[PDB]
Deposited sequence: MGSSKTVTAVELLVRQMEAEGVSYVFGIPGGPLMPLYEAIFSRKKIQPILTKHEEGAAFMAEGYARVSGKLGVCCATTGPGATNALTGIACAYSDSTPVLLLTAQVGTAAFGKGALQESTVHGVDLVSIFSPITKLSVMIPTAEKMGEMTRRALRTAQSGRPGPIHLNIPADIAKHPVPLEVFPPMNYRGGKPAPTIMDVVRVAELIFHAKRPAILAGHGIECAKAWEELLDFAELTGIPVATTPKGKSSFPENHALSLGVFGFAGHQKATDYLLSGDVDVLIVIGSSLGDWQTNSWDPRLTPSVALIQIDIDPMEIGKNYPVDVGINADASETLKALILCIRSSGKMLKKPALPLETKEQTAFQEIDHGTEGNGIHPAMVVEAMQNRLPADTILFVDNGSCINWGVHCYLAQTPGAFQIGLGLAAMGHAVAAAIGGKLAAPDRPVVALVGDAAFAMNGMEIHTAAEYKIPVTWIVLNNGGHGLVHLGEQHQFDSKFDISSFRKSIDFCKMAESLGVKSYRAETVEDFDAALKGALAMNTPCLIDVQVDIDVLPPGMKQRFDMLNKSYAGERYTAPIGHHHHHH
């Protein structure tokens, strides 16, 4: 006969215990009980977005920067389906995002309820099943606690990923016992390497004449920046990153090879494909297409390929491994450090990036969209701070960075947050700067305004002999005016001097800002030629 709360309040309180601070989303009729519970608790802050997709991107960005669980909510039917791309990006980047969706009342199942979201209508649980680690409808109020804890355990254990919890509106306000647990009670710790593997890796490094490390996005998921650095310095092993793993290692460090793979650096290409690397250590990379120059066989080391991954299904997928370590990257690096120590043995886009480099403070978190910004950002921007380069290459969704940067700023309010994005990507999700204006979230968007789809335009020229154009706008979008309409200060930049001033002004603001940069659509970005050939 214990203390009761509503099922949806229990859910909110259990999220509190996980350190959730924001819920991104858009309300709707069957979702209102969740908002009622949030506003009654006055701890988690709801963020109203313009599109549920932007809500999901924001939760994804909040999660990646905070290292915590991101949470978004959407209503029945088209609310939840609008979130899908963002959940699919969290899925492809191994980001823990919880999507809470509403469901009609049980008494209306199979009758043609408004936005019915069951097997009889638009089956949200089945739609999200392929791109979540778990997609389930809460069957009864009594199971809310167990299912919530299950979702939280599943999102953040093993390879992190998103969760979809669907909540019938009548279940939401049923009374349940107030049963909230600390996170350590309902999820376990991280896997470590075996003693044998540590000793074998140590020995391989001791005898290696040209070892190398390829560090991927798993370094960020494992929060292993300081261990990777210590390990690299203790051994003298040079470190390349994958494109998405950029900022896992300080690119100004003497041991940094830069980025290997798409839009990468000749320094890394020469070191890793020259045939001289005898021991290659892959840490937290899935070794997909862009990470390997389309599975280039020259990546194969001459003595041993060591691959460290928390997901056992990634080990040896595309390259045969000699030491396949199923463990968390941070636990592995710590063990390796323990073993080795104890032993004792328009404007040219490049100018834009350069100008950004000269003005952005060192602690800036840089979000980069998908488009030619990828090449310019990955290739030309020097990332010195751990985790400060945020790019969603798993799915490479246009508009991801446009919205994710807002969630990032909420996760790191003390740090400058800048997003480098294309104009077509900004047309997809740029309305979200209104969300930044509404909540006074200071982010700076730099729009490479080349009047259309640059990467597609170059593909038409280089692969289809300019036979057709389905990439250039007849009239460019005026982002300054668009920003103005959404209540966000803006600057237009047609020269480097103009850009430098704009950036300078933007950084000093305590509100959001947009910089519309004039850029030529014909400019060939770094690495695209090789990619075309």
Expected output for missing-CA ranges on the deposited sequence is 1-2, 348-374, 563-584
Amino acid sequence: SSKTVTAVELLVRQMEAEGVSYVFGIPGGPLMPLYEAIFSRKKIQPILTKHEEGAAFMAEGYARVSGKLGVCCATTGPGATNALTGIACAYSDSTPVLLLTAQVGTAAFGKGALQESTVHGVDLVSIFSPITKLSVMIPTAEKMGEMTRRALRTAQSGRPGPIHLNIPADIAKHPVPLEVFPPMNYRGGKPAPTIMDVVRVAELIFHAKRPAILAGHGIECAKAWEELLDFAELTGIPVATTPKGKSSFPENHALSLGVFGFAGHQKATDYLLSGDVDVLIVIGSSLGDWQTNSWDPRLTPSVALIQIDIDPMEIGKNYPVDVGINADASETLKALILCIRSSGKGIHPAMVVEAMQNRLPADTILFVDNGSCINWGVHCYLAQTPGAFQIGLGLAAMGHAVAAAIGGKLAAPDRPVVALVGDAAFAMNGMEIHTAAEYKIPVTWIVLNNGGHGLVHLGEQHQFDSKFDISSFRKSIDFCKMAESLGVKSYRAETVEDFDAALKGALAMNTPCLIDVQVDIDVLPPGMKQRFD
From here on, numbers count along this sequence of modelled residues.
With B-factors read from the PDB entry, the higher C-alpha mean of 194-202 and 100-108 is in 194-202
Mean Cα B-factor check, 256-264 vs 118-126, entry values; winner is 256-264
Based on the PDB entry, the highest CA temperature factor among the options 94, 76, 429, 385 is that of 385
Note to self: of 172, 178, 72, 404, the C-alpha temperature factor tops out at 178
Among the modelled residues of its chain, the C-alpha B-factor of residue 468 falls in the third labelled highest
Tertile call for residue 348 (CA temperature factor, within chain, third-based) is the highest
Here the Cα B-factor of residue 487, set against its chain, lands in the third termed middle
The third of the chain into which the C-alpha temperature factor of residue 241 falls is the middle
Residue 516: CA B-factor among chain residues, third -> lowest
